[PDB]
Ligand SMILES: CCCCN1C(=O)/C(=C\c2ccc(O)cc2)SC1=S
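One chain is shown next in structure tokens, namely the form deposited without this ligand.
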């Protein structure tokens, strides 16, 4: 069976809104168009979309929705599509999804853990085992507990398959790089023929058995995604054989970050030469500036973002864990702070503390 798997479109997004707005639509529609055309070429049997097709959970553009529905329509013409909504997809999409799956057999939405059986273009029997994004909402415990039970059930249901079983998930697996439920890859039932994931923007082969893939986004959404790969994935599945796959490159506009410590006439030179004929977008992060950059950014169109290197000494305290937190605050007591003040400036006498200690032990009885 021939499959197109694509995800994390984010239709409707504009980047660097605060800073220098870039509406990504044009780029994105080019990527989508190239992926769709490729699907027609290969004449795939099945189309799997694994979530975050829209950018906004709450206020979705009418242009975005228009675009999304048009793409769904184009895709349906070539092969049945199966859609698993993500955490960022508009809340109402599921409703329309539900409505429309009871109306065509060329599109089906899955919004629970409930398996559904579908038929591909050449009549291949496909069981979809869905694992939607896990609401944030010991209690974690019971939730992971509940989530294991659901994965157990998908396994049961994978065993009853006819031709193919496919897992569709939208979540983060263990091993990358906040308040998400991270899910170990080992928990993805091996008896499935394919495990299609979404939610992560870099293409990533998660494991070979079962074959587990994030196809990644179709555009570079922000500067963390300077190096990674963007596209969809073509997958072929055959009963007897192991699965085969092939990335379909999206060829998106490049991103680039320039690093300088001092913005001098020299940095001023590189920056201009760097942005000069760049089809993409550029960020500079810096340490010391004389007000050049805000002025510069104004006049270089594809320079979309400037940013102070955040101090390490400042990075930490927000990572810093409840272990470190309690120590820190308890080191802030008026007296245990008074410790080092003494140990600094009269150093030698610490009976003074033993003096202090009973002294405070005394009053706390009054």
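Residue numbers count along the first chain shown, from 1.
Not pictured, yet referred to below: the form deposited with this ligand bound.
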| item | value |
| --- | --- |
| Pose source in the bound PDB entry; superposed partner this ligand; site open or blocked by backbone or C-beta within 2.4 Å | blocked |
| Output flag, 79, 81 and 118 jointly within 4.5 Å of this ligand in the bound PDB entry, heavy atom basis | no |
| Selected contact from 253, 72, 187, 248, since only one has a non-hydrogen atom within 4.5 angstroms of this ligand in the bound PDB entry | 72 |
| Candidate from 281, 90, 194, 131 lying within 4.5 Å of this ligand in the bound PDB entry - any heavy atom | 90 |
| Segment that reaches this ligand in the bound PDB entry - one of 293-301, 51-59, 35-43, 22-30, heavy atoms within 4.5 Å | 51-59 |
| Residue 109 within 4.5 Å of this ligand in the bound PDB entry, heavy atoms | yes |
| Contact flag, residue 68 vs this ligand in the bound PDB entry, heavy atom cut 4.5 Å | yes |
| This ligand contact in the bound PDB entry: residue 231, any heavy atom under 4.5 Å | no |
| Partner proximity in the bound PDB entry: residue 216 to this ligand, non-hydrogen atom cutoff 4.5 Å | no |
